[PDB]
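S.K.:
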Amino acid sequence: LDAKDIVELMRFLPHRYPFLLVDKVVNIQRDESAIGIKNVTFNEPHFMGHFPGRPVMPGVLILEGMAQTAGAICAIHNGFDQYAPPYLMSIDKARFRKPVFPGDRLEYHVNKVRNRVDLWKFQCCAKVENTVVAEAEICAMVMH
Amino acid sequence: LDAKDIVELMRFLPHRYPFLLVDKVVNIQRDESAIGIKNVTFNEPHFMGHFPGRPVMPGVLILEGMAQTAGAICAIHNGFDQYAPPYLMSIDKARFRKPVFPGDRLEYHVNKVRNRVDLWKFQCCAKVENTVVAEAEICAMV
Amino acid sequence: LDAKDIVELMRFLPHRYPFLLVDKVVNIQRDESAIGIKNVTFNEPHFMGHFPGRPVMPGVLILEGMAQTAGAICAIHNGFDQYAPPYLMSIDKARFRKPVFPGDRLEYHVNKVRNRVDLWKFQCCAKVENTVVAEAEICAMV
Amino acid sequence: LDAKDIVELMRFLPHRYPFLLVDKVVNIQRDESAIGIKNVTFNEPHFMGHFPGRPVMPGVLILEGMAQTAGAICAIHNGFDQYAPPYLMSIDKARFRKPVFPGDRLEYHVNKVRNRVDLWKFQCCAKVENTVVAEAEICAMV
Amino acid sequence: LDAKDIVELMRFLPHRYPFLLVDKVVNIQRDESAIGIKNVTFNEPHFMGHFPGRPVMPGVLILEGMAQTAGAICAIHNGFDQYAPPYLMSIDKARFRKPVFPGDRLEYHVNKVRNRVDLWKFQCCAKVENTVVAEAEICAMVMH
Amino acid sequence: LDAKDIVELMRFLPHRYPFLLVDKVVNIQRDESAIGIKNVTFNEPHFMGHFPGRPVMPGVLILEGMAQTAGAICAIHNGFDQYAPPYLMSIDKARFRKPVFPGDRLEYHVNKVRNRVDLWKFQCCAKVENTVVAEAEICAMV
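The structure is reproduced here in structure tokens:
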């Protein structure tokens, strides 16, 4: 199974700091499934304000992590890259079960559902230590 | 109808820079409805990486804007404040119709649906110049 | 009348984050007049320190806003761009009448006075909702 | 002659990062004159965008440097502090003669002219190695 | 064995963003040993410039991580906290063996050597997946 | 004797904000010795958290300053540049004698010891006003 480090990811994702929210993608099975890795550390800029004295990872950035891992494997598979950026179209059945904190390691399990005509839709679940922490169905399109 | 400037907001929202994503809240009708204001400007940190030479507002921060205006009127109404922080639980039927850019002014129209037992759920739609730019149903606890 | 969005602006202004202080320029009449747009939002880096718990837009950044809108229309008109960067030379009669806050929208009305030999000088006034909030006469070279 | 380090300054200036633009104030003669110290280093946030690959100190921040040194000695002298924040009102005869860069050390010589009824006006000149690099007359209220 | 989460750590370390470089401390045996946890993620501010397009963790921040975990257990043990800040005095035998990257998880193993009269000196080794990535002997003093 | 300003430095050091920790390098004698300049100012990001209301320069960034001035003269001498990045391997006999603050000007005196096969090791001492403030022996590869 394929894997991508951060420098490789940068070839398929246009996202940069402070908005590149996966560190690795592993167990990449073509197009259909992968698992994205995101280390959560206190030394991230969002923790300055979310929340002061009580750092907790904003759910929306988890969603964004998920979306980036999905979009990443699709850009890899479809011979696309950055220079052709994604555009988030829908999020459904997004459910947050447990807060995540500095020190936690997020694994974003994404499963295909659909990817055709510059438009993919994945089923994604976020785990921290085989505990499901969030889930959503995320759809985006891509432009050129 | 009630309004809150940024300094007042800061009393009900624990959120600070870089994650305080509403600038005002206006036409606050108790608990049931409001409209949050967010000016989009190029001089915001996320525009460094989203995207380089092509700044466009991340939809998730639109969601977060909506969630903040909701939670803010709920914190105001229920005699709560910060020190009792919110926790986003669900987002459903989230739909992004049109990209927003520096210079745009977002208005987050939120409408009650539910708020009881430290648990509210609102129906929210984001507009730029009477054009609906996004919509979601957001639910959080406190 | 011409207008420029942020991405276009970037071709005429070398300024980048955190010091690109206009979001749009509109009603561009050649070289002679324009109006620069700057949305003020809490999510800007300078509000971390100006001031803590009391965000208020620094007057010098309003100045810098005005200077950029002027220098932009001049760079556009004279077939210049970035790669040829401006150098602020003078500011006179600068007067700040009212504080501006998150949620506010600044319009920088600039009027020609002079532009020849890589050296322009404009009369600029900043408004927030047809209320004059500042004014200055600014001169720079290139 | 009196001096203030950064931690002392913080008691008289409400300004914080990224907008606290003097590091020291020395040769403080009551109320009438001082000299503000500002080290220019590449590791400052504004150099990210002013300019990319060509760091050069923004003139308006030099202005702001001067204003802060003035407002500081006034806050010290008049038994004021932060909690009573300044408001910049005018800038006149502002003239920038030479660009300043990382590695440079700015000295802001300020001279009284006026300070009464929460309203001072100073004559300020900025030097880098006994070379005048800018000058302005600045007035603010409190 | 004791452990401290980030909010607890904040009581014993005065360090804040962008210079709080441990996320957790675990297996805290009094004063004598612990292991500090630091997740390395791309979304940290230093990665903007170290290096552009090639994020690699600066060794000096690893040293700093180590020093913070040592100083943390000492502040805990000695009934100290922040408000009494540390002051780094020496670093010796600092050796960096392998680069660390976004996605990596740092464990800082620290062992006592000395702690008396507001002055401690620890032996510290940084591992990523039971692989020694760095080591140093770090001494600091504390003031009140 | 050779000198490099910040823009030149940028050609030999891959490091950028917020981790470019020298502003100049002067008295560059080939490869063998130099002196790096770093102005310490309050307006640097690390001073946000090191420490709040008590800014004091982190010793490790002093080390990093020294390492950068070393690696910079080595990159200059050996016809290298950035695109071939350095990797810090050892630090020994590192000793911090006196805290440095905003307003201070650091000078990093570095002296060769060794530089062969993409592997240099220098003896470095940091001074503020002819007072030795720190010292280390630093070794890196490329």
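Chains as they are written, first to last, in PDB author numbering: chain C, 7 to 150; chain B, 7 to 148; chain A, 7 to 148; chain A', 7 to 148; chain C', 7 to 150; chain B', 7 to 148. A prime marks a further copy of an entry chain.
Ideal Cβ positions, reconstructed from N, Cα and C, are used throughout, including at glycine.
Using a Cβ-Cβ cut-off of 8 Å, state whether residue 70 (chain B') counts as contacting chain C'.
M.R.: Start at 1 with the first residue of the sixth sequence, and residue 70 (chain B') comes out as number 64. So, interface residue.
S.K.: Using CA atoms only, rank isn't needed, just tell me which of A:69, A:41, A:48 is closest to residue 95 (chain A).
M.R.: The residue you call residue 95 (chain A) lines up with position 89 of the third sequence. Put simply, of A:69, A:41, A:48 the residue whose alpha carbon is nearest the alpha carbon of residue 95 (chain A) is A:69.
S.K.: Is there a Cβ from chain A that is less than 8 Å from the Cβ of residue 98 (chain A')?
M.R.: As a working note, residue 98 (chain A') is residue 92 in the fourth sequence. Judged by the 8 Å Cβ criterion, residue 98 (chain A') is in contact with chain A.
S.K.: Do residue 105 (chain C') and residue 46 (chain C') have their beta-carbon atoms positioned less than 8 Å apart in this structure?
M.R.: Position 40 of the fifth sequence, counted from the start, is the residue given in the question as residue 46 (chain C'). Position 99 of the fifth sequence, counted from the start, is the residue given in the question as residue 105 (chain C'). Going by C-beta atoms, residue 46 (chain C') is not nearer than 8 Å to residue 105 (chain C').
S.K.: Going along chain A, which residues have a C-beta under 8 Å from residue 89 (chain B)?
M.R.: The sequence position of residue 89 (chain B) within the second sequence is 83, counting from 1. Going along chain A, no residue has its Cβ under 8 Å from residue 89 (chain B), so there is no contact; the nearest lies around 15 Å.
S.K.: Listed from N- to C-terminal order along the chain, which residues in the stretch 37–59 of chain A' have their beta-carbon within a distance smaller than 9 Å of any beta-carbon of chain B'?
M.R.: Residues 43, 44, 45, 46, 47, 48, 49, 50, 51, 52, 53, 54, 59.
S.K.: May I have the straight-line CA-CA distance separating residue 126 (chain B) from residue 26 (chain A), to the nearest angstrom?
M.R.: Residue numbering aside, residue 126 (chain B) sits at position 120 when the second sequence is read from its first letter. Residue numbering aside, residue 26 (chain A) sits at position 20 when the third sequence is read from its first letter. Their Cα atoms are separated by approximately 39 Å.
S.K.: I'd like the ranges of any beta strand (DSSP E) spanning at least 3 consecutive residues and lying wholly in the stretch 49–118 of chain C'.
M.R.: 92–102
S.K.: Using a Cβ cut-off of 7 Å, pull out every chain C' residue sitting near residue 65 (chain B'), in sequence order please.
M.R.: Locating residue 65 (chain B') in the sixth sequence gives position 59, where the first residue counts as 1. The answer, in chain order, is 94.
S.K.: Please return the same chain residues whose Cβ sits closer than 8 Å to the Cβ of residue 22 (chain B'), not counting the five positions on each side in sequence.
M.R.: Taking the sixth sequence and counting its residues from 1, the one referred to as residue 22 (chain B') is at position 16. In chain order, 16 place their CB closer than 8 Å to the CB of residue 22 (chain B'), counting only its own chain and leaving out the 5 sequence neighbours on each side.
S.K.: Residue range of the alpha helix (DSSP H) that residue 16 (chain B') falls in?
M.R.: For the purposes of this step, residue 16 (chain B') is identified with residue 10 of the sixth sequence, where counting begins at 1. Taken as a continuous stretch (DSSP letters only), the alpha helix (DSSP H) holding residue 16 (chain B') covers 12–18.
S.K.: Residues of chain B' with CB closer than 8 Å to the CB of residue 111 (chain A'), please, in chain order.
M.R.: In the fourth sequence, the residue the question calls residue 111 (chain A') occupies position 105. Simply 45, 111.
S.K.: Using 8 Å as the Cβ pair cut-off and three pairs as the minimum, do the stretch 36–56 of chain A and the stretch 110–120 of chain A touch?
M.R.: yes
S.K.: Run down chain A in chain order and give the residues with a C-beta less than 7 Å from the C-beta of residue 23 (chain A').
M.R.: As a working mapping, residue 23 (chain A') is identified with position 17 in the fourth sequence. Near residue 23 (chain A') (Cβ distances below 7 Å), the residues of chain A are 54, 55.
S.K.: Would you identify the three-state DSSP class for residue 147 (chain A), choosing helix, strand or coil?
M.R.: Counting from 1 along the third sequence, the entry for residue 147 (chain A) is found at position 141. Strand, per DSSP.
S.K.: For residue 98 (chain C'), collect the residues of the same chain with a Cβ closer than 6 Å to its Cβ; drop the 5 residues on either side in sequence, then sort them by chain order.
M.R.: Working through the fifth sequence from its first residue, we reach residue 98 (chain C') at position 92. Hits under 6 Å: 143.
S.K.: How big is the Cα-Cα spacing for residue 79 (chain C) and residue 141 (chain C)?
M.R.: Here residue 79 (chain C) refers to the residue found at position 73 of the first sequence. Here residue 141 (chain C) refers to the residue found at position 135 of the first sequence. Approximately 18 Å between the Cα atoms of the pair.
S.K.: By the criterion of Cβ-Cβ separation under 8 Å, what are the contact partners of residue 102 (chain C) in chain B?
M.R.: Your numbering for residue 102 (chain C) matches position 96 in the first sequence. Within chain B, the residues near residue 102 (chain C) are 93, 94, 95, 96.
S.K.: Report the three-state DSSP secondary structure of residue 141 (chain B') (helix, strand or coil).
M.R.: For this step, residue 141 (chain B') is matched to residue 135 along the sixth sequence. Residue state, collapsed to three classes: strand.
S.K.: Starting from the beta carbon of residue 12 (chain C'), find every residue of chain C whose beta carbon is closer than 8 Å, and list them in chain order.
M.R.: For the purposes of this step, residue 12 (chain C') is identified with residue 6 of the fifth sequence, where counting begins at 1. Within 8 Å Cβ-Cβ: 48, 61, 107, 108, 109.
S.K.: Would residue 89 (chain C) and residue 147 (chain C) be called neighbours here (beta carbons separated by less than 8 Å)?
M.R.: Taking the first residue of the first sequence as position 1, residue 89 (chain C) is located at position 83. Taking the first residue of the first sequence as position 1, residue 147 (chain C) is located at position 141. No. Outside cutoff.
S.K.: So with Cβ pairs under 8 Å, would you call residue 26 (chain C') a contact of chain B'?
M.R.: Here residue 26 (chain C') corresponds to residue number 20 of the fifth sequence, with the count starting at 1. Closer than 8 Å to some Cβ of chain B', the Cβ of residue 26 (chain C') qualifies, so yes.
S.K.: By how many angstroms is the C-alpha of residue 48 (chain A') removed from the C-alpha of residue 13 (chain A)?
M.R.: To locate residue 13 (chain A), count along the third sequence from 1; it is residue 7. To locate residue 48 (chain A'), count along the fourth sequence from 1; it is residue 42. If you draw a straight line from the Cα of residue 13 (chain A) to the Cα of residue 48 (chain A'), it comes to about 26 Å.
S.K.: Drop a sphere of 10 angstroms on the beta-carbon of residue 54 (chain A), count the other beta-carbons inside from all chains shown, and report buried for 16 or more, exposed for fewer.
M.R.: Taking the first residue of the third sequence as position 1, residue 54 (chain A) is located at position 48. With 16 or more other Cβ atoms within 10 Å, it is buried.
S.K.: Select from C:52, C:123, C:31 the residue whose C-alpha is nearest the C-alpha of residue 8 (chain C).
M.R.: Along the first sequence, one-based indexing puts residue 8 (chain C) at 2. Comparing Cα positions, the closest option is C:31.
S.K.: By a C-beta neighbour count over all protein chains shown, 10 Å radius and 16 as the cutoff for buried, is residue 135 (chain C') buried or exposed?
M.R.: Residue 135 (chain C') sits at position 129 when you count from the first residue of the fifth sequence. Around the beta carbon of residue 135 (chain C'), a 10 Å sphere encloses fewer than 16 other beta carbons of the protein chains shown; the residue is thus reported as exposed.
S.K.: Report the neighbours of residue 30 (chain B') on chain A': residues whose CB is nearer than 7 Å to its CB, in chain order.
M.R.: Your numbering for residue 30 (chain B') matches position 24 in the sixth sequence. What residue 30 (chain B') touches in chain A': 109.
S.K.: In angstroms with no decimal places, state the Cα-to-Cα distance between residue 91 (chain A') and residue 64 (chain A).
M.R.: For the purposes of this step, residue 91 (chain A') is identified with residue 85 of the fourth sequence, where counting begins at 1. For the purposes of this step, residue 64 (chain A) is identified with residue 58 of the third sequence, where counting begins at 1. C-alpha separation (whole angstroms): 12 Å.
S.K.: Which residue marks the beginning of the beta strand (DSSP E) containing residue 128 (chain A), and which one marks its end?
M.R.: In the third sequence, residue 128 (chain A) corresponds to position 122, counting from 1. Counting along the chain, the beta strand (DSSP E) containing residue 128 (chain A) begins and ends at 125–133.
S.K.: Which of the three DSSP states, helix, strand or coil, is assigned to residue 33 (chain A')?
M.R.: In the fourth sequence, the residue the question calls residue 33 (chain A') occupies position 27. In this structure, residue 33 (chain A') counts as strand in the three-state DSSP scheme.
S.K.: For my contact list, residue 103 (chain B) and residue 138 (chain B) are in at a C-beta cut-off of 8 Å; report their separation, rounded to the angstrom.
M.R.: If you number the second sequence from 1, residue 103 (chain B) lands on position 97. If you number the second sequence from 1, residue 138 (chain B) lands on position 132. Taking a contact as a CB-CB distance under 8 Å, the pair residue 103 (chain B) and residue 138 (chain B) counts as one, their CB atoms being some 6 Å apart.
S.K.: Does DSSP classify residue 121 (chain C) as helix, strand or coil?
M.R.: Position 115 of the first sequence, counting from 1, holds the residue named residue 121 (chain C). Taken through DSSP and simplified to helix, strand or coil, residue 121 (chain C) comes out as strand.
S.K.: Have a look at residue 11 (chain C') and residue 130 (chain B') and give me their C-alpha separation to the nearest angstrom.
M.R.: Within the fifth sequence, the letter at position 5 stands for residue 11 (chain C'). Within the sixth sequence, the letter at position 124 stands for residue 130 (chain B'). Approximately 38 Å, taken between the alpha carbons.
S.K.: Taking the straight line between their C-alpha atoms, what separation do you get for residue 29 (chain B') and residue 28 (chain A')?
M.R.: Position 23 of the sixth sequence, counted from the start, is the residue given in the question as residue 29 (chain B'). Position 22 of the fourth sequence, counted from the start, is the residue given in the question as residue 28 (chain A'). In a straight line, the C-alpha of residue 29 (chain B') is about 18 Å away from that of residue 28 (chain A').
S.K.: Anyone know if the C-beta pair for residue 38 (chain A) and residue 118 (chain A) falls short of 8 Å?
M.R.: Start at 1 with the first residue of the third sequence, and residue 38 (chain A) comes out as number 32. Start at 1 with the first residue of the third sequence, and residue 118 (chain A) comes out as number 112. Yes, the pair counts as a contact, with Cβ atoms nearer than the cut-off.
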